[PDB]
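Here we start with a single chain on its own, the form deposited in one PDB entry, put down as structure tokens.
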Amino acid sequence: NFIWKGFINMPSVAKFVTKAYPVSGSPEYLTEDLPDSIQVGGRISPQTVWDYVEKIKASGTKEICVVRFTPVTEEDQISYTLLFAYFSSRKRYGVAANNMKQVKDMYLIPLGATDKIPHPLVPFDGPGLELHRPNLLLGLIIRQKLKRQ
């Protein structure tokens, strides 16, 4: 199942619809906690500003929910690729500006072909990403627990 379907809008440049699939959180109903359109507020220094995720981790098998985005239409895939191309070229991450209900901060991570997988997210605990991937935009959010029902 897709956990969330909705828009990812960076004004003018990338505006598109995308489905969100779990990568490092247990998937059981979280569409409640997310709006329909995600406005991209700006940027953040990914290569150094790992530290905020590191500051979050207190325990042993602690997850912050990380999802991958797939565009639903051939049309969405162009805008998708533009937003990816936008951040990947500049070596920055996207940041969401929208009223964040229980989410404090949310980030879009352009993941292309990395030899070492961005280290501070790799321990997934639950699902995970495949080795044969396209260029992917990931959503960085919050989960805790695993098997819900």
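The first residue of the sequence shown is number 1, and the count goes up from there. Definition used throughout: the rigid core is the maximal C-alpha set that superposes within 1.5 Å between two forms.
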query	finding
Between 3 to 11 and 138 to 146 (mean CA B-factor, as deposited), the higher	138 to 146
Between the two ranges 129 to 137 and 19 to 27, the one averaging a larger CA B factor in the entry	19 to 27
Given 94, 112, 120, 60, the residue at which the Cα B factor reaches its maximum	60
Deposited CA B-factor, highest of 38, 100, 53, 66	100
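The following text describes the form deposited in another entry, which does not appear among the structures shown.
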property: Residue showing a 2 Å-or-more C-alpha displacement between the shown form and the other one once the rigid core is overlaid, selected from 45, 114, 37, 31; result: 114
property: Threshold 2 Å Cα movement between the shown form and the other one for residue 89, core superposed; result: no
property: Post core alignment: residue 62 C-alpha displaced by 2 Å or more between the shown form and the other one; result: yes
property: Change in CA distance between residue 61 and residue 104 in the other form, which is 3 Å or more, as closer or farther; result: closer
property: Closer or farther in the other form: C-alpha pair residue 50, residue 114 (3 angstroms or more); result: farther
